[PDB]
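Next up is one chain by itself, shown in structure tokens, the form deposited in one PDB entry.
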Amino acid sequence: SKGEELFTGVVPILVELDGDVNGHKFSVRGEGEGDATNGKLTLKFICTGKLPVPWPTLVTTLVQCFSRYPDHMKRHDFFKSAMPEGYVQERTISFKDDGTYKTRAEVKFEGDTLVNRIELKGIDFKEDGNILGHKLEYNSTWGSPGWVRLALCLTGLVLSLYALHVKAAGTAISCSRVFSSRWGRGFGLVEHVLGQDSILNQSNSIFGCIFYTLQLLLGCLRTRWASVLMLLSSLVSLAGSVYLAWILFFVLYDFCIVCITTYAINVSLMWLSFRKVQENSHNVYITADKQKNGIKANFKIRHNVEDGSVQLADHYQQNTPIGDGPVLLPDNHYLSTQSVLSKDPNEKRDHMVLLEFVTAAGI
């Protein structure tokens, strides 16, 4: 890029957004600096009254020319090559079971400043949704686990506590024929490796209470060690549930109902933990659009809802160069983005403080 020379060095950023969400008209003015050398953005946004939508739903709309491209991908940087004349970035943002943003932006160099002017229009939002009802977390640590996870873990806890009330003592005499066997204690395999004298050789329901309590507790967490811990624990729980299920049929030839219920519960927590691990994804997927001399892009942003659920936001993006000069057309690649939102204690206007780290990868 001959525009790449403009991004060696820290570059001042100014952002201006005129929006209209379901009639509610608003404006946002932001300022900061960008450092393409480390793919680092630092910006402060101010709602020039109070913002009618959550700030996270505006991060994506609110400068990919600061993405750090490694040297071996330098020829795949469309965004800098469009500079200084700029590019037009048009997006459709579809919130699942809710409205839709339509955005169009001019990103160009005005004097010494990189400017991103944005026109936004949001339609078909329900006034008690997650967006207009302001039901989205900002950067919280302790939150809800979701009524799905709550139902699963509470149900499993009641069932395991029931099994304890059974062995330690509608119609389940079929169960207590199962629990009394050698497999109702330490999954039948703790006595083989650690002996029967071990403290770890407990009734499987103890592992049940510890497991469902741990799942429900880690479901209230937004960090990764709880996510990976959830994945490994639910994986072990799944293996033990399939082993015990294999003992129930074809070996004992008995058919207890609480066992099938807890098998389904462990399958549910397994799918939930798998999803929760694998959809932590800010990956901007970029392909070249030759007909318009620009690029096309797909991705999915998942916002945390205050009740522990996730609000899905699908992103369809188009970028078209502003000049008639030459620009780079890339091969298929993706951008990795990490965003950290925070507040400024010196600011009383409705605002947002954004730190961002974007690097190119893929090709």
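Note that the rigid core is defined as the largest set of C-alphas that superpose within 1.5 Å between two forms. Start at 1 and count along the sequence shown; that's the residue number.
From this point on, the text means the form deposited in another entry, which you will not see here.
For the residues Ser144, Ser94, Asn201, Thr261, superposed on the rigid core between this form and the one not shown, a C-alpha shift of 2 angstroms or more shows up only at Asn201. Core-superposed comparison between this form and the one not shown: the C-alpha position of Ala313 differs by less than 2 Å. Once both forms are fitted on their core, a CA shift of 2 Å or more is seen for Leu328 between this form and the one not shown.
Relative to what is shown, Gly325 and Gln318 are closer in that other deposited form; their C-alpha atoms differ in spacing by at least 3 Å.
Legend note: Cα of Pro326 to Cα of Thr337 is at least 3 Å closer in that other deposited form than in the depicted form.
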